[PDB]
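Report on the following structure.
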Amino acid sequence: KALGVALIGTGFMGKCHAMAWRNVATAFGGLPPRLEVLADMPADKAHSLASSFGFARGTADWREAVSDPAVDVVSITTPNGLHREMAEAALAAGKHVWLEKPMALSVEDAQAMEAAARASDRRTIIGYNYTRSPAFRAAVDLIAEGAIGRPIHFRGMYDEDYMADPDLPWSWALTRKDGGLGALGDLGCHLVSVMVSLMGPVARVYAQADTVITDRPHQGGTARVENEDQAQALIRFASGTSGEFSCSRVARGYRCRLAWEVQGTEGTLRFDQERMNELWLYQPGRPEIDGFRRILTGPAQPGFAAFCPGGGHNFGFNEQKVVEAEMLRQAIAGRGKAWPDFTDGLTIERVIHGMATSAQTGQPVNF
Amino acid sequence: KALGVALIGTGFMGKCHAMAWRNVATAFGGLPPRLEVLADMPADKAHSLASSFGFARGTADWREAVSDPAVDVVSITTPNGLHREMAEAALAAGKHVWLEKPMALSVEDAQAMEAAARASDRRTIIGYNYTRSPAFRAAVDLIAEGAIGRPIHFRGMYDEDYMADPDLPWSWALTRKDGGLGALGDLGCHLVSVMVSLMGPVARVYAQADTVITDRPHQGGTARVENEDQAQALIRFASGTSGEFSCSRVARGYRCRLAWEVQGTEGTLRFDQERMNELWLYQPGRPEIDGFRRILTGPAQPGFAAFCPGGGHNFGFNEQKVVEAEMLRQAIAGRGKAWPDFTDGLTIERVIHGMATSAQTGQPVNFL
Amino acid sequence: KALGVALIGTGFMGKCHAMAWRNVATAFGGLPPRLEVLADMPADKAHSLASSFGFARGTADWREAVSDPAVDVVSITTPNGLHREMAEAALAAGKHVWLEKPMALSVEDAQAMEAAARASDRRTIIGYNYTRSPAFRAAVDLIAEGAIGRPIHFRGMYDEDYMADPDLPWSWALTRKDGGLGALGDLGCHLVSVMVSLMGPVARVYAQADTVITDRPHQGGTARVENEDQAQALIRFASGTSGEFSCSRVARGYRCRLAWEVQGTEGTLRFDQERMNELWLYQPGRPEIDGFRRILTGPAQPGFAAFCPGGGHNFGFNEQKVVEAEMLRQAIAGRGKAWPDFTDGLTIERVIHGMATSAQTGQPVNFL
Amino acid sequence: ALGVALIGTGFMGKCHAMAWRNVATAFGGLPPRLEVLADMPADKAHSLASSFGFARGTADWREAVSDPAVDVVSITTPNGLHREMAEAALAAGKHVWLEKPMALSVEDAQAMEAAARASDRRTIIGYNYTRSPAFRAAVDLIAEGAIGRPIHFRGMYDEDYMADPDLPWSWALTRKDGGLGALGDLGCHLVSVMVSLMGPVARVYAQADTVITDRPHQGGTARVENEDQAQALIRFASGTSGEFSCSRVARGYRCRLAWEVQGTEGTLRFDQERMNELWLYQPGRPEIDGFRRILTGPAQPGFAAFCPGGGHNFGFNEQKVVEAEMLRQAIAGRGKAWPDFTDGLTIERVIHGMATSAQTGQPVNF
Ligand SMILES: NC(=O)c1ccc[n+]([C@@H]2O[C@H](COP(=O)([O-])OP(=O)(O)OC[C@H]3O[C@@H](n4cnc5c(N)ncnc54)[C@H](O)[C@@H]3O)[C@@H](O)[C@H]2O)c1
Ligand SMILES: NC(=O)c1ccc[n+]([C@@H]2O[C@H](COP(=O)([O-])OP(=O)(O)OC[C@H]3O[C@@H](n4cnc5c(N)ncnc54)[C@H](O)[C@@H]3O)[C@@H](O)[C@H]2O)c1
Ligand SMILES: NC(=O)c1ccc[n+]([C@@H]2O[C@H](COP(=O)([O-])OP(=O)(O)OC[C@H]3O[C@@H](n4cnc5c(N)ncnc54)[C@H](O)[C@@H]3O)[C@@H](O)[C@H]2O)c1
Ligand SMILES: NC(=O)c1ccc[n+]([C@@H]2O[C@H](COP(=O)([O-])OP(=O)(O)OC[C@H]3O[C@@H](n4cnc5c(N)ncnc54)[C@H](O)[C@@H]3O)[C@@H](O)[C@H]2O)c1
Ligand SMILES: O[C@H]1[C@H](O)[C@@H](O)[C@H](O)[C@@H](O)[C@H]1O
């Protein structure tokens with residue numbers, strides 16, 4: 001009755017998934033998932049990390065992980081370029097899929113995966129972990145309850161500086177063919193996942209983009225950076241409401257600055273992921289005490305009580321992934337819907353690729 | 001040789017200008033300006049406020065005030081619809097002009113005022129006071145010294161909520177003919193004054209705008225709000241750099257949130273007017289101590305030492321206006337160039353009206 | 001009819017007082033005080049600053065300024081060792097007195113000044129300007145209204161780093177005989193003025209102190225620093241409530257960090273002078289929205305509306321002094337009581353000297 | 001692999017269980033074997049052993065600490081049970097991870113400290129605020145001379161879990177069954193951080209108050225006997241000054257363990273409610289002079305074991321994974337665990353000395 005887990009990849013997100021699967025029942029109860037197969041290359045690395053992560057075995061063969069009869073669900077955290085192949089193989093093998101963002105490098109690959117998921121009758125979720133913080137889920141509930149009235153404006157950014165150093169070498173990830181989008185693919189899609197959760201679907205974008213560092217060192221020479229370092233867009237939501245949107249991988253001093261704000265007719269909500277335990281809420285008050293409230297994360301907020309009964313004991317980035325694992329567990333058990341599945345994920349892919357198209361063509365793109 | 005001052009209006013900016021003229025020599029030295037004539041309506045209020053503001057006389061006739069031979073410079077702090085008439089009369093009478101923003105209701109009006117100012121050979125400055133804080137002036141100098149390398153992105157906002165209450169009555173300020181622009185005219189022009197001082201001139205805008213409260217109480221019933229409560233724009237600068245721009249008069253909880261950020265190849269500068277004594281600077285550092293610095297306003301920043309020798313003694317909004325007065329004083333004496341004059345101001349008017357045009361047409365607007 | 005003003009000193013506080021006297025009627029109405037006599041040394045400095053500050057004349061003789069028949073009130077902004085002589089002379093000459101903190105070098109000095117003020121029947125106020133911010137005055141009113149219930153704890157600090165550099169030269173301010181207390185005299189008295197305004201009178205202190213830099217450069221040689229660089233104290237108020245208290249002139253990175261909080265049975269108030277426009281208020285709320293409010297200074301808070309009708313337009317350090325001037329004008333006109341007068345100031349002197357005594361002897365000190 | 005017994009399943013019980021489950025995931029080596037979980041009643045012990053992934057649940061903690069498959073015992077039970085359970089675990093030849101404070105009295109802590117030395121087993125006490133990357137980074141910066149010589153410490157630990165007068169009385173508010181109040185709940189945490197930054201305490205002078213003196217009990221009222229808040233002036237063995245406070249009645253504060261070290265060449269400042277930020281001032285040229293916001297990332301001790309990217313906030317619970325790893329390494333003879341029962345007993349003497357100073361109105365020397 002325990003869920004059988006396969007994990008492909010052991011990097012930033014691979015180890016994050018491994019830590020989540022290990023403690024999901026500790027936090028939320030029920031049966032601890034069985035950690036069956038860890039796939040990674042080379043073989044000696046898969047064997048070492050399988051042992052320390054507590055997987056029953058490691059293998060250099062990713063298809064072993066998706067085909068084992070003892071596996072019910074596959075975490076896929078490999079580079080963007082093999083997401084489509086591995087996800088479709090896992091669905092064809094009758095496995096549920098936890099796929100790291102983005103879905104694939106192109107809308108066309110994401111469309112094929114979306115059709116494959118519908119055909120499989122298996123649960124899918126995409127790894128948009130910034131939608132899982134108690135603060136973010138609390139903000140969505142406050143908007144649903146009318147805490148800020150009708151939303152009238154969204155302003156969101158996602159700034160990091162991991163590519164700011166012009167000496168960082170060229171890679172496949174910086175080509176259109178093998179890397180897909182740049183900052184829009186790495187960061188933009190995260191901001192879309194948060195933005196559409198707050199404001200509903202996107203109807204129109206008008207975008208601009210820049211490549212700040214256009215060429216990088218490559219094996220004693222240099223190679224051209226083909227995707228964007230930063231992008232900005234004006235949004236019209238299906239509601240008719242306005243939005244401002246940006247992302248950057250060259251914004252010096254920022255490490256995880258996914259920051260957003262919803263302005264409403266009766267209040268304002270504001271958040272910055274670099275301080276993920278604070279949610280700022282303004283509602284009209286009598287003039288003597290009027291001002292924004294600092295809501296510090298605690299057991300009043302979704303998910304937090306599963307990890308800690310004491311408010312102000314800071315919730316961590318990695319615990320977002322434990323919440324994500326639990327949402328997929330509950331969906332597989334038919335006790336909840338996981339968001340976003342491959343259908344809702346395809347919509348997010350269309351928005352970021354539409355922003356890329358808009359920036360290139362100088363035309364607004366409608367959805 | 002002391003400057004003779006006429007002040008028209010005694011409200012938010014009228015009292016701000018009066019306080020600035022009274023302490024400009026206290027802060028910066030030289031001779032205190034002579035406070036000659038205060039013009040306001042009705043007469044009884046002009047007489048009352050001339051006495052408490054320390055002007056030699058009050059009048060209900062602004063035309064007599066700008067024509068007084070004892071007057072050298074005119075502060076104009078009246079409503080937007082009166083700027084063109086009063087500025088043109090002041091320049092025609094051979095007076096230097098300190099004009100509140102925005103210049104007028106239309107680009108056509110601003111163009112006529114710009115021509116009148118050049119024809120007069122008198123100094124002009126527009127009341128873009130957010131360019132006068134020690135933090136802002138320190139940021140411009142840091143960019144000039146290459147402290148953040150080459151600017152690659154600007155993001156700016158100016159949020160206030162003074163029109164957020166839907167019960168606030170309709171006024172002539174909310175008509176296009178008598179009010180001109182909405183949030184772009186009240187707040188947007190301030191953000192442009194700061195943005196172009198940091199990033200240089202605007203080449204292109206693509207904008208969106210909304211009226212979120214479309215009808216307000218008027219007499220027994222309601223009247224239509226014709227101008228925007230909020231606007232946002234993507235910017236392309238003449239330098240080729242990108243920008244994000246917004247303003248709002250309905251952003252709940254914000255009172256004076258003119259906030260901006262310049263991202264460069266070698267650092268980032270960030271500022272919020274609601275904490276006008278803090279400038280955030282990131283420059284790459286060794287990993288053990290890497291992070292943004294909180295630069296607290298003190299005497300190392302332009303203008304501050306004229307007000308206080310001790311750092312961290314917070315500089316105030318009103319003291320921006322004393323700095324503005326000193327810059328006009330020095331321009332009149334021929335010891336400095338005042339920014340923005342009516343020529344520089346006209347460019348700012350074209351940008352905010354260009355953003356309004358872009359929002360109306362759904363098309364980008366180019367300036368160069 | 002207008003108040004005649006003498007100003008002694010033109011430094012940090014001298015120029016602050018001059019700017020306050022120049023705009024007090026601009027802000028609060030009535031007749032602008034007449035700036036009659038400025039005293040400073042040397043004479044040509046007094047003449048130059050009298051001209052730029054708008055005083056009718058300058059003199060190198062402080063006794064000339066306090067004795068002038070056109071003078072009704074004297075601002076005394078000279079070094080601490082001169083306060084007693086100048087305040088007693090001004091009171092003897094029948095002048096009201098605006099005296100900078102601390103009162104003098106000793107409790108004995110303050111007792112003599114307190115007696116002289118009662119005998120003179122003139123108004124006195126001491127320049128505890130941190131009690132004048134809209135945020136501070138709002139906090140006092142909130143406590144009185146029961147906004148935080150029953151106060152149960154005070155914690156206050158006043159950190160600055162103006163003496164943190166060991167190569168900063170020795171001065172006569174660093175002897176006990178000529179300079180009095182160290183950080184307790186420069187900063188401690190400010191924190192006491194705020195603390196007793198929130199919590200009421202002090203009943204008992206137990207204090208510790210240190211001199212961190214005991215020797216400083218003196219004319220190519222070295223000389224001994226005799227007074228404390230930092231001090232900390234536990235407080236019992238007359239109410240029986242507990243307090244924590246500290247001050248430091250060597251706390252690196254702090255410029256004006258007068259910060260306090262009052263914890264109560266139904267809320268908490270917290271403040272930091274380096275962000276003097278923010279007051280933090282916690283009151284119990286429904287769990288979904290529970291948290292501290294950031295109250296941004298605006299016209300709802302005492303004094304602010306006299307300077308600006310727009311909330312979030314930051315009130316400045318110097319404008320605290322315009323409020324202080326207005327409180328003295330109103331006390332002179334018999335329309336308000338100024339705090340603290342020399343009687344209430346003597347109590348503050350007893351508290352800071354009791355803390356110094358406690359730190360010296362390792363024993364608690366009790367008051368009235 | 002290490003065999004683990006866990007006693008208790010509450011706030012710290014679940015925290016320890018999550019730590020033992022991911023310590024090898026984060027730091028490598030063999031995952032500890034989760035052998036026995038002890039809790040009452042037996043149905044709760046069985047259901048939580050199942051969800052926590054322990055091989056068996058028992059309502060008898062004594063046979064859990066005696067199990068031959070157990071090498072180390074996590075003790076997360078109420079304060080009054082610490083002495084009995086730690087002494088039994090040491091006597092059975094087990095390593096001990098004990099929650100703070102050690103016990104209700106110095107007498108009890110003295111007995112536990114002797115038992116730990118008499119055994120050749122490792123001990124560590126759950127002072128988990130010493131485990132954050134920001135805190136460990138601050139200790140390293142001080143040792144490296146980044147702020148020169150410490151000249152002042154100011155620390156507080158404010159929470160409001162007892163601030164509401166409506167909150168009912170409990171046995172924890174008696175001296176006999178509860179021991180100390182705010183000093184025992186929060187004060188000992190602040191001491192663990194303070195002595196790690198400044199070195200040992202030489203002297204305290206303290207004040208304490210019970211500000212809500214009676215609470216609802218069985219439709220009547222019962223007396224609160226221990227302190228709601230306490231403050232102390234400190235002298236360290238170094239001669240340096242300190243300020244210290246704790247409170248369980250400080251409205252609006254949830255986990256406000258906040259401290260500051262002022263030095264001859266800079267200042268370090270930290271607030272646990274923003275546990276991923278360390279504020280460092282060092283003198284700079286006037287145009288750029290100011291405090292640096294150091295955001296937690298892989299440059300700080302422990303962080304890289306959890307995440308390769310800076311600014312991905314480290315959490316309260318991950319402090320406990322670091323604590324587990326330090327105990328693992330100490331059991332393997334590859335590091336000393338701090339604080340053991342000897343170093344823990346010093347902390348107990350400091351908080352009990354503060355309580356005595358407040359009661360007698362006299363300084364207490366150590
Ligand atoms: N949700 C988030 O917060 C977040 C953050 C970063 C990464 N991601 C996504 O996670 C994915 C991984 O990124 P990362 O930073 O973890 O990268 P990484 O390079 O650290 O991880 C790649 C892992 O996949 C393994 N791998 C590569 N090719 C393989 C193959 N053919 N078969 C088996 N294993 C293979 C590698 O050995 C490594 O363990 C990407 O799709 C990325 O976009 C999302
Ligand atoms: N720079 C800034 O930060 C700032 C802030 C506020 C206003 N402003 C600008 O300054 C101007 C003043 O706005 P405000 O908020 O002070 O408005 P206000 O209503 O407070 O000021 C209007 C003043 O002008 C006087 N006045 C009106 N008509 C007059 C006439 N015909 N003759 C003489 N006096 C007349 C009024 O009696 C009043 O004293 C506007 O153009 C506004 O956009 C700028
Ligand atoms: N309230 C506050 O916030 C604050 C801040 C700073 C200083 N102060 C107080 O103000 C006083 C002045 O300190 P400061 O920082 O302005 O110092 P300063 O050195 O800047 O000012 C001293 C002034 O007094 C003048 N002076 C000195 N001896 C004189 C004499 N015999 N006759 C006439 N003029 C004489 C000097 O020429 C100078 O103008 C002190 O008592 C200090 O404690 C208070
Ligand atoms: N280090 C920290 O940050 C931190 C935080 C909270 C608590 N603590 C400490 O940890 C301890 C746990 O406190 P808590 O808040 O988790 O309390 P709690 O009530 O949540 O935990 C008590 C647990 O012990 C179990 N238990 C009680 N008596 C038992 C017995 N005789 N046999 C077996 N199991 C028994 C209970 O069933 C429960 O699971 C206390 O000593 C407290 O001081 C430390
Ligand atoms: O800001 C402080 C404070 O205002 C004191 O009154 C003064 O004595 C100090 O020198 C100054 O730095």
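FYI, side chains are in, hydrogens and waters are out, and symmetry mates aren't considered; it's all heavy atoms of this structure. Labels below follow one simple rule: chain letters A, B, ... track the order of the sequence lines, proteins then strands, and each chain is numbered from 1.
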Any B:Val196 side-chain heavy atom under 4.5 Å of B:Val202 side chain: yes
Any residue meeting ring pair (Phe, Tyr, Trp, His ring centres under 6.0 Å) with B:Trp62, in chain and number order, not counting sequence neighbours: none
Pair B:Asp161 + B:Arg249: basic N to acidic O under 4.0 Å: no
Close side-chain approach of C:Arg329 to C:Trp21, heavy-atom, < 4.5 Å: yes
Set of side chain to side chain contact (heavy atoms under 4.5 Å, CB included) partners for B:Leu31, sequence neighbours left out: B:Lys1, B:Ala2, C:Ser51
With B:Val205, the side-chain contact (heavy atoms from CB on, under 4.5 Å) member among B:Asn366, B:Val192, B:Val365: B:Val365
Validation row: C:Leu7, C:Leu35 side chains within 4.5 angstrom (heavy atoms): no
Atom pair CG/NZ of B:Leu187 and B:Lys101 - distance to nearest 0.5 Å: 7.0 Å
Contact summary for B:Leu346 and B:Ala110, nearest pair of heavy atoms: CD1-CB, 3.7 Å
B:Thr124/B:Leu91 under side-chain contact (heavy atoms from CB on, under 4.5 Å): CA gap, chis, key distance, verdict: CA-CA 9 Å; B:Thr124 58; B:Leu91 290 164; 3.9 Å; yes
CG-CG distance between B:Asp341 and B:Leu328, expressed to the nearest 0.5 angstrom: 11.0 Å
Where at least one partner belongs to residues 303-313 of chain C, residue pairs that pass side chain to side chain donor-acceptor pair (under 3.5 Å), sequence neighbours excluded: B:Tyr130-C:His313
Ring pair (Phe, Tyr, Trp, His ring centres under 6.0 Å) involving B:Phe237 - partner list, sequence neighbours excluded: none
Any residue meeting salt bridge (charged side-chain N to carboxylate O under 4.0 Å, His left out) with B:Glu108, in chain and number order, not counting sequence neighbours: none
Considering all heavy atoms, the nearest C:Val5-C:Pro33 contact: CG2-CB, 3.8 Å
Test side chain to side chain contact (heavy atoms under 4.5 Å, CB included) applied to B:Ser52 - qualifying residues, sequence neighbours left out: B:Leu49
Candidate pair B:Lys95 and B:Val71, rule side-chain contact (heavy atoms from CB on, under 4.5 Å), full reasoning: CA-CA 7 Å; B:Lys95 310 309 181 185; B:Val71 166; 4.2 Å; yes
Approximate separation, where rounding is to 0.5 Å, of B:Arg224 CZ and B:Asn227 CG: 10.0 Å
Donor-acceptor contact below 3.5 Å, side chain B:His96 vs main chain B:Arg122: no
Pairs satisfying side chain to side chain donor-acceptor pair (under 3.5 Å), at least one member in residues 30-44 of chain B, at least two apart: B:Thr10-B:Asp40, B:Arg34-B:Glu36, B:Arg34-B:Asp72, B:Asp40-B:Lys45
Gap separating the CG atom of C:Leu296 from the CZ atom of B:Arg255, nearest 0.5 angstrom: 7.5 Å
Non-hydrogen atoms of B:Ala60 and B:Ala46 that approach each other most closely: N-CB, 4.5 Å
Smallest separation among heavy atoms of B:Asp178 and B:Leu105, with atom names: O-CD1, 3.6 Å
Expected output: side-chain B:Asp68 to main-chain B:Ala65 donor-acceptor under 3.5 Å: no
Non-hydrogen side-chain atoms of C:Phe315 and C:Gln301 separated by less than 4.5 Å: no
Sidechain-backbone polar pair: B:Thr77 side chain, B:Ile8 backbone, donor-acceptor under 3.5 Å: yes
Side chain to side chain donor-acceptor pair (under 3.5 Å) partners of residues 182-191 of chain B, not counting sequence neighbours, each pair once: B:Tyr162-B:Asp186
Whether C:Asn23 side chain and B:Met19 backbone form a donor-acceptor pair below 3.5 Å: yes
Nearest-0.5 Å distance, OG1 of residue B:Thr59 to NE2 of residue B:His47: 7.0 Å
Least distance between heavy atoms, B:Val194 atom then B:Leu258 atom: CG2-CD1, 4.4 Å
Contact summary for B:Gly188 and B:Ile352, nearest pair of heavy atoms: C-CG2, 4.0 Å
Side-chain donor-acceptor contact under 3.5 Å, B:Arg123 with B:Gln330: no
Any donor-acceptor N/O pair, B:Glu228 side chain to B:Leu184 backbone, under 3.5 Å: yes
Worked check of side-chain contact (heavy atoms from CB on, under 4.5 Å) between B:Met86 and B:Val66: CA-CA 8 Å; B:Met86 295 190 170; B:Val66 311; 6.0 Å; no
C:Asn314 side-chain N/O to B:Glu274 backbone N/O, donor-acceptor pair under 3.5 Å: yes
C:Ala27 backbone acceptor or donor facing B:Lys15 side chain under 3.5 Å: yes
For C:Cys16, all residues meeting side chain to side chain contact (heavy atoms under 4.5 Å, CB included), sequence neighbours excluded: C:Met13, C:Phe317, C:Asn318, C:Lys321
Test item: B:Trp260 and B:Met195 side chains (from C-beta on) under 4.5 Å apart, heavy atoms: no
Heavy-atom side-chain proximity of B:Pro201 to B:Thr347 below 4.5 angstrom: no
Residue list, side chain to side chain contact (heavy atoms under 4.5 Å, CB included) with B:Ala223, at least two apart or on another chain: B:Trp170, B:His218
side-chain hydrogen bond (donor to acceptor under 3.5 Å, both in side chains) partner of B:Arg132, chosen from B:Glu326, B:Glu324, B:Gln320, B:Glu319: B:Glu324
4.5 Å side-chain heavy-atom contact, B:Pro169 and B:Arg216: no
Worked verdict on B:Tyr158 versus B:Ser246 for side-chain contact (heavy atoms from CB on, under 4.5 Å): CA-CA 6 Å; B:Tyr158 197 172; B:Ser246 70; over 6 Å; no
Under 3.5 Å: donor-acceptor pair, side chain of B:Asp159, backbone of B:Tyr254: no
Exam field: side chain B:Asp229 to backbone B:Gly182, donor-acceptor pair closer than 3.5 Å: no
Contacts of type salt bridge (charged side-chain N to carboxylate O under 4.0 Å, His left out), residue B:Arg22, not counting sequence neighbours: none
Heavy-atom donor-acceptor pair, B:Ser75 side chain to B:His17 backbone, under 3.5 Å: no
Pairing residues for B:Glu64 by the salt bridge (charged side-chain N to carboxylate O under 4.0 Å, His left out) criterion, not counting sequence neighbours: B:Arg57
Heavy-atom side-chain proximity of B:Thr78 to B:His83 below 4.5 angstrom: yes
